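Let me begin by presenting the structure, written as structure tokens, before commenting on it.
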Amino acid sequence: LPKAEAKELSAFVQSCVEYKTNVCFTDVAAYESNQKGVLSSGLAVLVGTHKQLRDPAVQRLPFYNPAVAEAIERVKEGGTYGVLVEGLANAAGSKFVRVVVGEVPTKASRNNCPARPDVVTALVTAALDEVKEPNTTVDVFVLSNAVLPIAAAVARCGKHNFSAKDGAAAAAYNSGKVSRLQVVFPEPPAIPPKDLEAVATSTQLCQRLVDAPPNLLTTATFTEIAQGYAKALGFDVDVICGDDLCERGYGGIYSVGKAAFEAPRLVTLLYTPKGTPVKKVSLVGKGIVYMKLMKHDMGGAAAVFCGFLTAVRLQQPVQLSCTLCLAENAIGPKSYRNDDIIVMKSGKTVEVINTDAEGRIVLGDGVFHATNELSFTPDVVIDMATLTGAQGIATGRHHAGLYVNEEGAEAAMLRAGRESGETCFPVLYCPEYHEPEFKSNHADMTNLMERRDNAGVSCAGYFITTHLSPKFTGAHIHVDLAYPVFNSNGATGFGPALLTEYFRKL
Amino acid sequence: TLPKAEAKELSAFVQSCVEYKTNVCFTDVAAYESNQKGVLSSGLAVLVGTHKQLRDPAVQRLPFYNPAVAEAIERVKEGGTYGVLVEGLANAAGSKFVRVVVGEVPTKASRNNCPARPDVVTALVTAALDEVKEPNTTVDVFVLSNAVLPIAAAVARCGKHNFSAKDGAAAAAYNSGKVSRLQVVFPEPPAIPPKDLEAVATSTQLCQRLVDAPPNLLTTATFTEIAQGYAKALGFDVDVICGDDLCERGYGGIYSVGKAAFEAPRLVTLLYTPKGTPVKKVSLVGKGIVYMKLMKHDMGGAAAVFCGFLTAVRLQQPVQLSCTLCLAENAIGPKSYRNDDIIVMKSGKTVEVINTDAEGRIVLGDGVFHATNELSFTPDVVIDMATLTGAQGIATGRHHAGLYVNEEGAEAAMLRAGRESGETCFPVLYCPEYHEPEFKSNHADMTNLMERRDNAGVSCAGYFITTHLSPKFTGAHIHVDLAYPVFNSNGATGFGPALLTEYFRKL
Amino acid sequence: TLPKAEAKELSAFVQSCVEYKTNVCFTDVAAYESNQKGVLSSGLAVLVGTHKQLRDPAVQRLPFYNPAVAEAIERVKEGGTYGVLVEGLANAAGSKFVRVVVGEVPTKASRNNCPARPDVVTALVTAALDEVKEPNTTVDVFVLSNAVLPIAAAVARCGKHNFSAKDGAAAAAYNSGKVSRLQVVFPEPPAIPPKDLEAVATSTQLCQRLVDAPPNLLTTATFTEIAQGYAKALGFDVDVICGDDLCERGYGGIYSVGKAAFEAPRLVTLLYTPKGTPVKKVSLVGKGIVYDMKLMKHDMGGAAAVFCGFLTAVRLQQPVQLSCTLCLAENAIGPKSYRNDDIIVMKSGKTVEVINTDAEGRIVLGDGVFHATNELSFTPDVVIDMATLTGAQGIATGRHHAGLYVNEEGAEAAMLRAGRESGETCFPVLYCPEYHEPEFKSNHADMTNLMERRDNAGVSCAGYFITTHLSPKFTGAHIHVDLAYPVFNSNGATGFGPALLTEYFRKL
Amino acid sequence: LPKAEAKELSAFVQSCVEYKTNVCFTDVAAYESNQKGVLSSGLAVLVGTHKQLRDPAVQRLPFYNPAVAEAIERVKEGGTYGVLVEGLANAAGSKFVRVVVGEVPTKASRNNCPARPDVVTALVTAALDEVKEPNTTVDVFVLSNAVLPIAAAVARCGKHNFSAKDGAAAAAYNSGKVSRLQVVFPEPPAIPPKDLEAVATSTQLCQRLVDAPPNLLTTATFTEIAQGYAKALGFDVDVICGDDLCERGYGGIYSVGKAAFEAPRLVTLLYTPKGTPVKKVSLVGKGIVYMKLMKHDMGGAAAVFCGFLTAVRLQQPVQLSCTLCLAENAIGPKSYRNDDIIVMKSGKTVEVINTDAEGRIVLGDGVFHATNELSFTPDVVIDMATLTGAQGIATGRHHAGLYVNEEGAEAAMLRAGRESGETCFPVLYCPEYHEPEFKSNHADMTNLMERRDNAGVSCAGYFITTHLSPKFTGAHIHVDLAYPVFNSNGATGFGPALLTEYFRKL
């Protein structure tokens, strides 16, 4: 409401709408041709496996010398090792060039991405810590040709584009500490550079949205951001807002977000490709403003949003909806209480046993909307949410939990996680055992399982499935990504690339 | 050591376990018409099947059928029971009336469940038996499913338990006098012979008995004596590494955990070699600790492997087997293992004891090293079973044991066995590269407890155990966390043995 | 629009505070013999001193002395009281008996304590006053110590509190009718004049009133009105930055904390410039939060302390140039409220990641100290911030000693000296910024508002947080006073703080 | 009791009794003279302040070259920066020498050591993480002349001498991962090298004792260790053991340790210097075997023990006793309970309100013993213990809390902390306010304060003072070092060097 808050929020919106990646992509031969051996700056990174680093091709790289060779002997698996090279030609004027070597492990379980982009990210992040002038371009030579996972890994790495440090609040929270990164693959990448940029951009935008505090990213600013992208890329945007949610029967999302300063919203984005589509897919994302899980609770909405943008920018031949379930879970006079009975959009009634379990209610309305109210009926519904603490206990910090009603779709999403690096793992799909945990005396169901130690991740997924439209007969993929959205440095931008890869193999 | 009255009681308990015979027998409709000539075994009869099965024309031809039973079939609810009286129906007891209880089994079954839904079968029969006046009757249980293994275990599990301390049963070696003899009547002669199904049911019930038993009756000593009793009776080998020998021979894990207790810790290994050439060499390792209300059923894993072993011997399955019971009493005392102890495990690796609550995995570490390094053979497959983590319930729930497995193939096979047997399982994340860092220790090779509890808890405990496998072992390792599936609100379920029996069948 | 009845009540409460006059006066034995000619003020008299002081020949010469009083002196316990009746002793109330209560003060006093032990003095007089008959009486309190400032504050603190809502006092603007007038009688004419000691005692008791008062009476609005009332009455300046102006003018800390409340947050700055050339330029900053374990009851302690210390300075015309900035905000649960994970742009320009909304006090103070050190007509030589800030304070320095986090040995020593002299004792906590700073690492903001590890000098770290928001224009001594526990005891507020400041100002 | 446990314990005892430091000390000129410019190995460390690193003297060091200069520019404050130097002469046969530069801050509060040995330790630790082979000697060039604090700082740093990793349990838990470190000061050190070695040795032994788990360091093995040092250095040792404690009236330590497998012990060591002593000092140390504080609970006993050893080895002119209060706090049939009333050795009775507060009881007997039962009466009593969680809340992780009955002794111990780097800070000394917290209905006192938020560190100190002998009229210094004894790598060996420096300035 105050003039100063509004100026700040508009500026934040614009920063998101206009966000451009700091990463570019090329290959060794094209690099020799365009830069003619002259390093982009006083810092260069070389990243690969023990074996890859020893390949004869490496000796032919423009920064190679006997010190770099020694760096390769001395570096530890999963570690870095830096050397100075005197009088190596570079576009900055630097008497020395720093070359940081990083060794990626080859060890990778059957549930992991063989290229180990998790370590790639860590290695580059460590290398960039030795940067003191930030307005430079750092050449990152990677010896893997797994272009999609490497792109997302590098996009994720280092200092984040969202920052409030050292006066950055006056610059719309755009960090001035980020380095431009030029990724140099060995071979011309199987996915074109402009496309990889789009992927990286989405990873970073997703990261931005999740890193952003709730006083900047609100249900209102998120909506404005979506609208900005809709006008810029020419897709459709529908907004069902505040008291319209109540009037139109969306009792779940309405009751959850009803007491807040900013009104709850169901924001649906529509993309129809030029051709005949390979699949019709609906994305549903949870975005709550309220355990330091709460910091990253936009993860799901941000993920589906950014996955959607990538699909539009790459013109993927998938017909897509993206429904953002946006609500501010506020303590107030008009707020939903324990013991409220809600009439969901699906027509089913929900006894609110516990107000802490709001996410699934909001998602219930979301998935019903996606499966019942759009101009098409999807073949696949993917819901993504930072939903349960149980997720971490079950599948851990690197693997999102999958609750899926069909072996085939589950396998495909697992495959995509392994290819993209945004790994997943299944949780028990057994509705006959989940259902009884929601018995209610007076409503069709409760919102919270009676016993917390009876497949917690699965049960939350089950709840959501009860609100799918009868008109939907396809594959439903529930993605609990409570933990994979973040690490000790903040948001990871997990989700979008998983989706992009999933879409590619339809 | 012990008072004369305690020792008499413990011997009698040992004998009750060693001599335990199942209350269940198995036949089929045609054999039943032949042997009983339409006369019911008693004043109660149970009919159990799916909505469709119950409506099959064969059902009308059953000896207890009448228009009231037909009405029962119309009125019964899915997953429920409905009982009717039939006047003057011939029966070997009594009995002016016969009670016929109809139970409807659902057909709904997810891809991770057993299609026959033996979970409901158990519940239905349990409910029906609640209307029994007199015990020491035989109740005919007519089942319409031909899934004989899962039904056998399901009926074995059901109803009143053979272990009891109620109404003076303590003076009868804790053998319940409230159990009914049950005669299961399949539609067709069973694909697995009756004597074999009895063996399976017996193991389910013995396992149940061992887990139901309180820790003042089932001790590291009485469990060992029970194993020895079975060894003498069925002719298999038994090795016992006991107390201070554990320390001298380098088993620092199990030694330090159980060292302060009244009864000494023990590593009890059983050996079975079949007559022929074996299809596989398998080693079973089971955790058996005496210490929220998970602790009541903390013998679940040791009991499971023990009873699975017994079934293999009784059925003469063509598998070469070891069964190592890791038995220790986790006691508070003067000589006890503390927080911050560093233990030298049998594997040679050192373990920093961050938390004494996480003892189960240490004990198992010694167990799996023993099995993979110290026996007359090297196993192709190691299966460890334990009631290990609360996380298991959160992850896979109350009906599915969590599987941490190092090989897709073995995992798929054990899942298949769970689905066939009814003792269902589900996988947890196998990703050692991410589990390992959770056990970083300043001074030892590893800690015994993960730094962060919310990073795949079931998996990490499994990982810990794998670090103690012998380098000689290059096969499939299956870790089974069955903390919750071993029990329900009625006590022990006897989960585990039948899973193993079915897994062994399809090797 | 509050209801008509609430507004009447609140105006009356404001007036009670603005017009508050102490119940204590001060004289000496010789001036007493001269004015009262041996006639006791009333049917109760108190005699308070050390084991040795009580036995001094001067004592026998006091007008209430008799052999029963002597026997009281023998029988009384250290730290205890012992009362005797004296029949027919002359007194102005026309009472058949006079009650004489003797109290023995210990001489034991550690190097970190006030040697006069005013803590016990307070307790002794409190006990004595429990035997009071009539409520309109003056009770002569004969003290055998000449430590006038600490004794003045000790007596001001003692007994029944001027704030009361018992027995219909709500209809009398919460002015207790159970308080006795107290006449303190020193052995020698006091080194500080009586009219000055009255001003001290008044500030102690006003501070006590402000802290005792519940949050439905003392609000950000009524506290501001009270300050304004004192400004019109004593002729000092008052600046008020209020509500949405706080946001517009960049005070993001105090604005975000108090933003969802019924009553708007306020930064209230008072200005006093003495007639002469000042010995020091000092800025006081005080935290005053209303929440919307039982530390919360007394959470105005810091704002009240600095406010009352300021008033004493104006009334005594101390030669110090003073600002007093009250950081007033209601921490309310609501639709428009600041959340966990918010990033705030402080007035200092530094950004703060709100890890925990419970740690609001330091944020509000951050804006306060920046305002004081950057936005005023002068730049202070010394900044003193006072707050009921951490539970850690009690664990570290205890119930009687406020924790000092100070950037300069000299200023610390002086404030300690003032505590020991005034009786409002302090003790230092670790000053080590190089070790405090890493506890506030934030991924996205300049700092968090809460230390990563609670067991790494908790009182110090909160102090450190506050220092990060000092203006670069400031190069002087900063004294952070964590008084979470010394502001109260089992009877309510203690009025701790003002007298400490007054004594600190005296020795500049 | 088993043969294998006893073999292991004897070997552990021996490892402690015979422990020799891995650190040696010299200076630049003596180094040029002995090594003639040839580095000790393939790794060299240079550590100093921003200003010190830029001094002209630095360019004259044998490893200097333009890459090292560039390292000096690029390094961050509190950080390290490593470069390879090709073909620099070194005694190992190494084609390259790694030179790691570390920048020490000059920022230091009035309560800190100006040389910032805390950062020195961290810098050297980081540098040694790049060591290829162990059993090399690493030259550590320091630009500070604060020899005592640098000595302890380097002693503390890197991989610890106690280890159970990778088969070290079969080598009496002597790590094989440690490097020999040669510290090279600019000027010949004001304290001789052999003396600095004794200091470093004590720091590391103390570290060893505290790192050691309770199944290795027991009341019995610690006693055997003390006895081993007594035979070797020729000082006296008195042991009051088990049921003798009860018979001789030590009811505190007896009742605490009475139920354990190993008997409680009061172990007193006696050292009398050749001359007339400058002071008579009694050390008392708490050593309990029993939430992540419990790991390092020998800290106090280990500290006084090792401080004592340094005094004997340096022949400091101080008459010393060192009383180790050793007890195993066990759950058992014969154990001390809540609500027990104990008759302390001092004659005062203690109501055991809470068994968790055992440390102070044990110390009460210790200080009475020291002040009443020895051949001399001390002028100063110093008790050291890992006593309260409150300590961390009050004075933090780097500063031990001092509860002292005399301004002069307090100031001197603070001065020693600042000089030695083993920093301290005072807690409130106010007995008139501590005493009432211990009111007991039936005993002279309770063992635990009624209110936990009334100067917790101070109150525990007060309790201990009540058991001082009336014969004693000197300075009492209580040192609560619950937190400074450890960091994320284990024990710090905090305490001994503080004492040594304190003794130097008497």
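Chain labels run A, B, ... following the order of the structure tokens; each chain numbers its residues from 1, and ligands are numbered from 1 in the order shown.
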(request) Using only C-alpha atoms, determine which residues lie at most 10 Å from stretch 446-449 of chain B, disregarding the query and same-chain residues fewer than 5 positions distant; provide the list as a PyMOL selection string. (result) (chain B and resi 340+342-343+349-362+436-441+457+460-461+464-465+467) or (chain D and resi 164-165)
(request) Dump as a PyMOL selection string the residues of chain A that approach chain B to within 9 Å, counting only C-alpha atoms. (result) chain A and resi 107-112+389-399+405-407+425-433+452-458+483
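Residue nearest chain D, chosen from A:56, A:495, A:87, A:490 and counting only C-alpha atoms: A:87.
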Out of stretch 175-286 of chain B, which residues get helix (DSSP H, G or I) from DSSP, as an mmCIF file with N, CA, C and O atoms, in the first residue's frame?
```cif
data_model
loop_
_atom_site.group_PDB
_atom_site.id
_atom_site.type_symbol
_atom_site.label_atom_id
_atom_site.label_comp_id
_atom_site.auth_asym_id
_atom_site.auth_seq_id
_atom_site.Cartn_x
_atom_site.Cartn_y
_atom_site.Cartn_z
ATOM 1 N N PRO B 194 -0.956 -79.963 1.301
ATOM 2 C CA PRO B 194 -1.346 -79.669 2.683
ATOM 3 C C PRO B 194 -0.264 -79.763 3.733
ATOM 4 O O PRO B 194 -0.167 -78.859 4.554
ATOM 5 N N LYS B 195 0.513 -80.842 3.759
ATOM 6 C CA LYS B 195 1.614 -80.973 4.789
ATOM 7 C C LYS B 195 2.603 -79.748 4.680
ATOM 8 O O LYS B 195 3.105 -79.247 5.686
ATOM 9 N N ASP B 196 2.839 -79.293 3.453
ATOM 10 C CA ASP B 196 3.732 -78.142 3.201
ATOM 11 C C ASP B 196 3.104 -76.805 3.655
ATOM 12 O O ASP B 196 3.786 -75.933 4.215
ATOM 13 N N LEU B 197 1.819 -76.640 3.352
ATOM 14 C CA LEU B 197 1.085 -75.473 3.811
ATOM 15 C C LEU B 197 1.041 -75.414 5.338
ATOM 16 O O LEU B 197 1.120 -74.334 5.926
ATOM 17 N N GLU B 198 0.946 -76.569 5.969
ATOM 18 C CA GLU B 198 1.001 -76.648 7.441
ATOM 19 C C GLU B 198 2.346 -76.132 7.954
ATOM 20 O O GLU B 198 2.436 -75.462 8.990
ATOM 21 N N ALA B 199 3.398 -76.460 7.221
ATOM 22 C CA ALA B 199 4.740 -76.041 7.621
ATOM 23 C C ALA B 199 4.843 -74.505 7.554
ATOM 24 O O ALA B 199 5.424 -73.871 8.452
ATOM 25 N N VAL B 200 4.302 -73.950 6.484
ATOM 26 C CA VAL B 200 4.264 -72.500 6.291
ATOM 27 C C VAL B 200 3.453 -71.793 7.400
ATOM 28 O O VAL B 200 3.905 -70.850 8.042
ATOM 29 N N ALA B 201 2.264 -72.312 7.650
ATOM 30 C CA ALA B 201 1.417 -71.799 8.725
ATOM 31 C C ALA B 201 2.090 -71.912 10.101
ATOM 32 O O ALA B 201 1.970 -71.041 10.942
ATOM 33 N N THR B 202 2.774 -73.011 10.301
ATOM 34 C CA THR B 202 3.463 -73.268 11.572
ATOM 35 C C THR B 202 4.547 -72.202 11.792
ATOM 36 O O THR B 202 4.671 -71.684 12.888
ATOM 37 N N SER B 203 5.295 -71.903 10.730
ATOM 38 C CA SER B 203 6.350 -70.915 10.816
ATOM 39 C C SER B 203 5.812 -69.506 11.058
ATOM 40 O O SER B 203 6.368 -68.750 11.851
ATOM 41 N N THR B 204 4.729 -69.174 10.378
ATOM 42 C CA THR B 204 4.052 -67.906 10.609
ATOM 43 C C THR B 204 3.664 -67.752 12.086
ATOM 44 O O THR B 204 3.848 -66.689 12.686
ATOM 45 N N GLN B 205 3.146 -68.824 12.658
ATOM 46 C CA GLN B 205 2.616 -68.797 14.008
ATOM 47 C C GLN B 205 3.700 -68.847 15.052
ATOM 48 O O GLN B 205 3.562 -68.259 16.116
ATOM 49 N N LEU B 206 4.764 -69.560 14.748
ATOM 50 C CA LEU B 206 5.921 -69.624 15.650
ATOM 51 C C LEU B 206 6.592 -68.274 15.688
ATOM 52 O O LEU B 206 7.009 -67.799 16.742
ATOM 53 N N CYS B 207 6.718 -67.676 14.514
ATOM 54 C CA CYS B 207 7.319 -66.357 14.406
ATOM 55 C C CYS B 207 6.488 -65.370 15.273
ATOM 56 O O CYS B 207 7.008 -64.610 16.081
ATOM 57 N N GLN B 208 5.182 -65.443 15.089
ATOM 58 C CA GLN B 208 4.245 -64.674 15.874
ATOM 59 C C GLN B 208 4.435 -64.894 17.375
ATOM 60 O O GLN B 208 4.414 -63.964 18.158
ATOM 61 N N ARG B 209 4.601 -66.144 17.761
ATOM 62 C CA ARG B 209 4.824 -66.516 19.167
ATOM 63 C C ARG B 209 6.101 -65.884 19.710
ATOM 64 O O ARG B 209 6.121 -65.290 20.793
ATOM 65 N N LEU B 210 7.158 -65.972 18.930
ATOM 66 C CA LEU B 210 8.440 -65.415 19.370
ATOM 67 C C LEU B 210 8.375 -63.910 19.553
ATOM 68 O O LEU B 210 8.957 -63.360 20.478
ATOM 69 N N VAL B 211 7.687 -63.242 18.643
ATOM 70 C CA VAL B 211 7.605 -61.765 18.679
ATOM 71 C C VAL B 211 6.605 -61.248 19.740
ATOM 72 O O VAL B 211 6.863 -60.268 20.413
ATOM 73 N N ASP B 212 5.483 -61.948 19.883
ATOM 74 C CA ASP B 212 4.516 -61.664 20.965
ATOM 75 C C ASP B 212 5.124 -61.820 22.348
ATOM 76 O O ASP B 212 4.762 -61.130 23.283
ATOM 77 N N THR B 220 18.014 -63.740 25.150
ATOM 78 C CA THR B 220 19.075 -64.232 24.258
ATOM 79 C C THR B 220 19.365 -65.727 24.560
ATOM 80 O O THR B 220 19.618 -66.526 23.679
ATOM 81 N N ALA B 221 19.257 -66.088 25.823
ATOM 82 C CA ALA B 221 19.470 -67.477 26.243
ATOM 83 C C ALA B 221 18.344 -68.427 25.785
ATOM 84 O O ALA B 221 18.627 -69.517 25.274
ATOM 85 N N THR B 222 17.083 -68.039 25.999
ATOM 86 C CA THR B 222 15.989 -68.964 25.652
ATOM 87 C C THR B 222 15.836 -69.091 24.158
ATOM 88 O O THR B 222 15.555 -70.170 23.642
ATOM 89 N N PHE B 223 16.062 -68.006 23.449
ATOM 90 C CA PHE B 223 16.058 -68.053 21.964
ATOM 91 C C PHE B 223 17.159 -69.005 21.451
ATOM 92 O O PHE B 223 16.952 -69.795 20.563
ATOM 93 N N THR B 224 18.325 -68.916 22.024
ATOM 94 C CA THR B 224 19.420 -69.837 21.651
ATOM 95 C C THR B 224 19.026 -71.307 21.950
ATOM 96 O O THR B 224 19.196 -72.186 21.109
ATOM 97 N N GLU B 225 18.481 -71.540 23.137
ATOM 98 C CA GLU B 225 18.020 -72.891 23.495
ATOM 99 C C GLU B 225 16.941 -73.400 22.534
ATOM 100 O O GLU B 225 16.875 -74.597 22.209
ATOM 101 N N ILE B 226 16.089 -72.491 22.080
ATOM 102 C CA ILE B 226 15.026 -72.853 21.120
ATOM 103 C C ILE B 226 15.668 -73.281 19.798
ATOM 104 O O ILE B 226 15.310 -74.314 19.231
ATOM 105 N N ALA B 227 16.620 -72.491 19.335
ATOM 106 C CA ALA B 227 17.358 -72.825 18.096
ATOM 107 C C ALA B 227 18.049 -74.186 18.207
ATOM 108 O O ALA B 227 17.966 -75.029 17.294
ATOM 109 N N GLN B 228 18.710 -74.384 19.340
ATOM 110 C CA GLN B 228 19.360 -75.676 19.606
ATOM 111 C C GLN B 228 18.348 -76.853 19.617
ATOM 112 O O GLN B 228 18.633 -77.916 19.057
ATOM 113 N N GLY B 229 17.198 -76.649 20.245
ATOM 114 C CA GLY B 229 16.123 -77.667 20.248
ATOM 115 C C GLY B 229 15.744 -78.065 18.824
ATOM 116 O O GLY B 229 15.564 -79.242 18.496
ATOM 117 N N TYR B 230 15.580 -77.073 17.965
ATOM 118 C CA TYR B 230 15.154 -77.329 16.562
ATOM 119 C C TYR B 230 16.286 -78.006 15.807
ATOM 120 O O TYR B 230 16.051 -78.802 14.901
ATOM 121 N N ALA B 231 17.509 -77.639 16.157
ATOM 122 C CA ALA B 231 18.704 -78.224 15.493
ATOM 123 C C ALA B 231 18.779 -79.740 15.780
ATOM 124 O O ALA B 231 18.969 -80.547 14.849
ATOM 125 N N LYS B 232 18.608 -80.094 17.064
ATOM 126 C CA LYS B 232 18.570 -81.510 17.499
ATOM 127 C C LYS B 232 17.387 -82.222 16.806
ATOM 128 O O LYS B 232 17.534 -83.311 16.258
ATOM 129 N N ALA B 233 16.236 -81.591 16.747
ATOM 130 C CA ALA B 233 15.039 -82.263 16.178
ATOM 131 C C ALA B 233 15.074 -82.416 14.656
ATOM 132 O O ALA B 233 14.648 -83.426 14.157
ATOM 133 N N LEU B 234 15.532 -81.416 13.921
ATOM 134 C CA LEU B 234 15.488 -81.449 12.426
ATOM 135 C C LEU B 234 16.836 -81.737 11.796
ATOM 136 O O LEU B 234 16.964 -81.807 10.586
ATOM 137 N N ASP B 244 32.034 -63.200 26.163
ATOM 138 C CA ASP B 244 33.427 -62.719 26.062
ATOM 139 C C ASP B 244 34.242 -63.302 24.881
ATOM 140 O O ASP B 244 35.241 -62.710 24.460
ATOM 141 N N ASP B 245 33.793 -64.426 24.325
ATOM 142 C CA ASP B 245 34.340 -64.946 23.024
ATOM 143 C C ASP B 245 34.131 -63.954 21.869
ATOM 144 O O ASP B 245 34.931 -63.913 20.909
ATOM 145 N N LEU B 246 32.996 -63.252 21.914
ATOM 146 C CA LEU B 246 32.692 -62.241 20.892
ATOM 147 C C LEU B 246 33.797 -61.181 20.880
ATOM 148 O O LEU B 246 34.324 -60.835 19.819
ATOM 149 N N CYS B 247 34.171 -60.733 22.074
ATOM 150 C CA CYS B 247 35.260 -59.730 22.240
ATOM 151 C C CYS B 247 36.623 -60.248 21.781
ATOM 152 O O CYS B 247 37.278 -59.651 20.926
ATOM 153 N N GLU B 248 36.980 -61.418 22.293
ATOM 154 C CA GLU B 248 38.252 -62.101 21.916
ATOM 155 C C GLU B 248 38.377 -62.384 20.406
ATOM 156 O O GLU B 248 39.436 -62.236 19.838
ATOM 157 N N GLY B 252 33.359 -56.712 17.902
ATOM 158 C CA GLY B 252 33.288 -55.579 18.843
ATOM 159 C C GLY B 252 31.937 -54.903 18.893
ATOM 160 O O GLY B 252 31.592 -54.284 19.898
ATOM 161 N N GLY B 253 31.186 -55.011 17.794
ATOM 162 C CA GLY B 253 29.890 -54.367 17.673
ATOM 163 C C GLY B 253 28.862 -55.017 18.591
ATOM 164 O O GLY B 253 28.351 -54.401 19.558
ATOM 165 N N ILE B 254 28.510 -56.239 18.242
ATOM 166 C CA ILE B 254 27.573 -57.030 19.058
ATOM 167 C C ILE B 254 28.048 -57.204 20.521
ATOM 168 O O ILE B 254 27.249 -57.246 21.461
ATOM 169 N N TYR B 255 29.351 -57.311 20.705
ATOM 170 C CA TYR B 255 29.912 -57.429 22.065
ATOM 171 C C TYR B 255 29.635 -56.177 22.870
ATOM 172 O O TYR B 255 29.091 -56.263 23.963
ATOM 173 N N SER B 256 30.010 -55.025 22.318
ATOM 174 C CA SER B 256 29.851 -53.772 23.072
ATOM 175 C C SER B 256 28.344 -53.416 23.339
ATOM 176 O O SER B 256 27.996 -52.929 24.425
ATOM 177 N N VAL B 257 27.472 -53.706 22.381
ATOM 178 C CA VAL B 257 26.026 -53.464 22.554
ATOM 179 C C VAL B 257 25.422 -54.269 23.732
ATOM 180 O O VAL B 257 24.671 -53.744 24.554
ATOM 181 N N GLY B 258 25.756 -55.552 23.789
ATOM 182 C CA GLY B 258 25.071 -56.483 24.705
ATOM 183 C C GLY B 258 25.840 -56.810 25.969
ATOM 184 O O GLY B 258 25.434 -57.650 26.770
#
```
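Using only C-alpha atoms, the smallest distance between any of C:397, C:224, C:448, C:137 and chain A comes from C:448.
The environment of stretch 460-472 of chain A within 6 Å, counting only C-alpha atoms and disregarding residues fewer than 2 places along the same chain, consists of residues 346, 364, 367, 368, 371, 372, 457, 458 and 474 of chain A.
Comparing D:190, D:85, D:284, D:409 by their smallest distance to chain A, the closest is D:85 (using only C-alpha atoms).
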Find the residues of chain A that sit at most 8 Å from chain D; for each, write down the nearest two atoms and how far apart they are in Å, to one decimal. Count only C-alpha atoms. Sort by chain, then by number going up, and give it as a tab-separated table.
```
residue	atom	partner	partner_atom	distance
A:67	CA	D:84	CA	6.9
A:70	CA	D:96	CA	7.9
A:74	CA	D:132	CA	7.4
A:82	CA	D:82	CA	7.1
A:83	CA	D:83	CA	5.3
A:84	CA	D:83	CA	6.1
A:86	CA	D:67	CA	7.7
A:96	CA	D:70	CA	7.9
A:130	CA	D:74	CA	7.8
A:132	CA	D:74	CA	7.7
```
(request) Just the residues within 9 Å of stretch 139-150 of chain D, please, counting only C-alpha atoms, with nothing from its chain fewer than 3 positions along; format it as a VMD selection string. (result) chain D and resid 27 to 28 39 to 41 43 to 49 52 to 53 58 113 115 to 117 120 to 121 124 153 to 155 180 to 191 196 199 418 to 422 497 501
(message) If I take atom CA of residue A:207 and atom CA of residue A:492, how far is one from the other in Å, to one decimal?
(response) 5.7 Å
